[PDB]
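Numbering of ligands and ligand atoms starts at 1, following listing order. In this chain, residues are counted from 1 in sequence order. The figures that follow rest on heavy atoms only: side chains count, while hydrogens, waters and symmetry mates do not.
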Amino acid sequence: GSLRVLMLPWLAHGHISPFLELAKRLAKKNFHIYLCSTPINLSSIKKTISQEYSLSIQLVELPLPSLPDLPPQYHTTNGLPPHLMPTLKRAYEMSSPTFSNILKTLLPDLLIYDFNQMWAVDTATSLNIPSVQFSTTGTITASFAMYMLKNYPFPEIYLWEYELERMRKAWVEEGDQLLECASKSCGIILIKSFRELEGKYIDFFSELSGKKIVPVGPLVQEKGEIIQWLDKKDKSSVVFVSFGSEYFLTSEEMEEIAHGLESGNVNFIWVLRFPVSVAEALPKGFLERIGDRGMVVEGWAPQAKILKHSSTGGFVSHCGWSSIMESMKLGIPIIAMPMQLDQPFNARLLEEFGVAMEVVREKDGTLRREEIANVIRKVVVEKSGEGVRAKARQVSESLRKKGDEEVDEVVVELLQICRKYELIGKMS
Ligand SMILES: O=c1ccn([C@@H]2O[C@H](COP(=O)(O)OP(=O)(O)O)[C@@H](O)[C@H]2O)c(=O)[nH]1
């Protein structure tokens with residue numbers, strides 16, 4: 001059994017990357033994938049696609065209508081000015097006629113879409129093509145959203161008091177669209193997760209949504225200076241520090257993290273991202289005292305290569321979903337520093353699962369250097385962290401032995417959906 005699938009991620013690198021990783025697993029099961037996004041997004045992940053997928057993954061351009069304030073270079077959330085987000089969402093909706101013509105041209109057996117393309121589902125439906133939603137975050141995130149929109153039985157999933165305000169402002173500021181998108185998913189919703197981590201939240205999400213929730217697994221994807229420096233350090237002795245691709249540290253946050261890294265006296269690699277100089281942003285004399293014991297990287301760093309390296313011993317993470325799946329696959333315990341959005345809940349999940357220890361902030365929500373240093377030391381160095389180091393090792397082994405069992409379940413489910421949908425279509 002094989003299917004020709006058109007996949008439509010939301011316009012963020014953080015969404016197309018999981019869609020691309022799912023496409024690769026389906027390709028290795030003899031599906032043909034059309035991965036459809038704006039040209040500015042396709043040009044980027046284009047380079048990261050091995051020629052092994054030359055036959056099975058085809059990129060399909062969906063240009064948006066452009067305006068002076070939103071030229072094609074801004075047809076993505078990556079580096080987008082925040083005031084332009086409603087204009088980008090509107091432009092995406094208005095590409096619907098272009099999308100219908102892609103569907104008429106390719107006539108795939110199936111559309112896999114993301115969290116808000118109501119117009120895309122409707123278009124496929126009018127051409128008698130079924131549509132299945134793929135959630136690129138976990139079931140804890142999805143079932144919380146339903147609990148918020150369709151009105152919580154898990155006491156380990158809670159919010160610190162200083163996290164309530166950011167959560168309240170986010171939910172008090174379209175929910176109907178998000179519910180409708182999920183409701184129009186044909187039979188199942190696919191989700192980037194696995195039962196050993198999220199089983200009971202998966203089941204809860206299934207009961208709330210009225211859909212079978214099908215986990216697709218973790219979907220994890222010449223020596224540079226970073227790797228050359230890592231080669232010189234002891235085993236499991238370096239902490240990697242990165243806060244994702246869409247969050248910027250405040251000035252206060254950046255200072256305390258720098259003091260915490262120096263107080264912790266654990267070798268580090270810290271990627272620093274600034275909105276559109278290094279020695280100017282760090283406390284006086286910081287780089288001089290650190291010497292060879294750490295390095296600060298502006299902008300971007302090879303995250304998977306670093307986490308894979310035998311010298312790496314910990315990951316200071318905002319707990320974005322891709323980053324925590326990668327860390328779990330590669331056996332690196334997490335120093336959890338959730339920043340925004342779904343991250344507090346991911347942090348609660350990873351502490352409960354046993355692979356993370358959280359840096360808890362003060363009542364006022366601010367960071368302390370001594371809390372950062374204490375948690376880095378106990379995860380990477382001290383006896384207090386052996387359980388977290390051991391569970392990370394254990395999880396990595398199991399995921400490496402799991403391979404692609406979840407993908408076989410995904411294929412079988414999608415074949416059944418598409419067969420039934422086609423038999424009903426022959427009746428017209
Ligand atoms: O310097 C960096 C920062 C991020 N990433 C990658 O960017 C993604 C971050 O995804 P996640 O969902 O963890 O964070 P988000 O960007 O959604 O907040 C992961 O695949 C990381 O490996 C990377 O390769 N290098």
Side-chain angles (χ1 to χ4, degrees), residues 9-24 41 44-45 47-49 76-80 82 85 114-115 134-142 166 170 191-193 197-198 216-221 224-227 229-230 238-249 253-254 257 268-275 278 294-309 312 314-347 349-350 355-356 396 399:
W10 166 237
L11 301 175
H13 173 274
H15 287 241
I16 177 142
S17 288
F19 269 69
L20 175 62
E21 290 308 310
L22 181 52
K24 290 175 171 159
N41 285 331
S44 34
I45 44 94
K47 298 132 47 53
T48 106
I49 287 154
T76 172
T77 71
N78 302 354
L80 180 75
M85 183 69 81
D114 208 334
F115 67 92
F134 173 40
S135 173
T136 67
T137 49
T139 38
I140 199 135
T141 299
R166 186 180 309 262
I191 189 137
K192 174 173 171 177
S193 189
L197 172 77
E198 276 202 309
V216 303
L219 283 189
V220 167
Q221 217 176 246
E225 318 60 44
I226 290 155
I227 299 303
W229 180 86
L230 265 182
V238 181
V239 64
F240 179 61
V241 182
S242 161
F243 298 96
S245 54
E246 327 180 345
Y247 178 79
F248 285 100
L249 295 177
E253 276 169 334
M254 176 168 320
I257 287 161
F268 61 90
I269 289 159
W270 176 16
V271 47
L272 256 193
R273 306 185 44 242
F274 295 105
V278 156
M295 66 199 277
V296 180
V297 182
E298 52 294 302
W300 192 93
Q303 174 159 315
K305 286 231 262 220
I306 292 151
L307 296 171
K308 217 183 45 193
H309 197 287
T312 298
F315 184 8
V316 173
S317 177
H318 71 312
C319 299
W321 196 244
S322 286
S323 284
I324 57 97
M325 292 294 172
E326 297 169 3
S327 206
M328 264 186 320
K329 191 90 169 95
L330 303 182
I332 301 294
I334 296 277
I335 295 112
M337 289 186 63
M339 285 311 164
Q340 66 181 336
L341 295 171
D342 61 320
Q343 289 147 37
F345 288 147
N346 300 343
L349 172 66
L350 295 172
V355 298
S396 181
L399 287 166

Give the atom numbers and elements of ligand 1 that come within less than 4.0 Å of a heavy atom of [X].
X	answer
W321	12 (O), 13 (O)
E246	16 (O)
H318	13 (O), 14 (O), 15 (P), 18 (O)

Could you name the option among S245, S323, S322 that has the heavy atom nearest to atom 16 (O) of ligand 1?
-> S245
Donor-acceptor under 3.5 Å (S17 side chain, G14 main chain) = no
Is a donor on one side and an acceptor on the other found under 3.5 Å between the side chain of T312 and the backbone of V238?
->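 No, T312 side chain to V238 backbone: no donor-acceptor pair under 3.5 Å.
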Classify the angle between the aromatic ring planes of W10 and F115 as parallel (below 30°), tilted (30 to 60°) or perpendicular (above 60°).
-> perpendicular
Looking only at protein heavy atoms, which one is nearest to [atom], and how far off is it?
atom	value
atom 7 (O) of ligand 1	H13 CE1, 4.6 Å
atom 20 (O) of ligand 1	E326 OE2, 2.6 Å
atom 4 (C) of ligand 1	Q303 OE1, 3.8 Å

State which residues pass ring pair (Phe, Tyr, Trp, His ring centres under 6.0 Å) with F243; sequence neighbours excluded, sorted by chain then number.
->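 For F243, no residue satisfies ring pair (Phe, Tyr, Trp, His ring centres under 6.0 Å) once neighbours in sequence are set aside.
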Contacts of type ring pair (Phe, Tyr, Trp, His ring centres under 6.0 Å), residue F268, not counting sequence neighbours = none
Residues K24 and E21 bridged, charged N to O under 4.0 Å |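 Answer for the salt bridge query: yes.
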Using distance alone, determine whether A301 and ligand 1 share an N or O pair under 3.5 Å.
-> yes
Quick one: does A304 get a heavy atom under 4.0 Å from ligand 1?
->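 Under 4.0 Å: no for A304.
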For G14, is the nearest heavy atom under 4.0 Å from an atom of ligand 1?
-> no
When rounded to the nearest 0.5 Å, the distance separating CE of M328 from OG of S396 is 10.5 Å
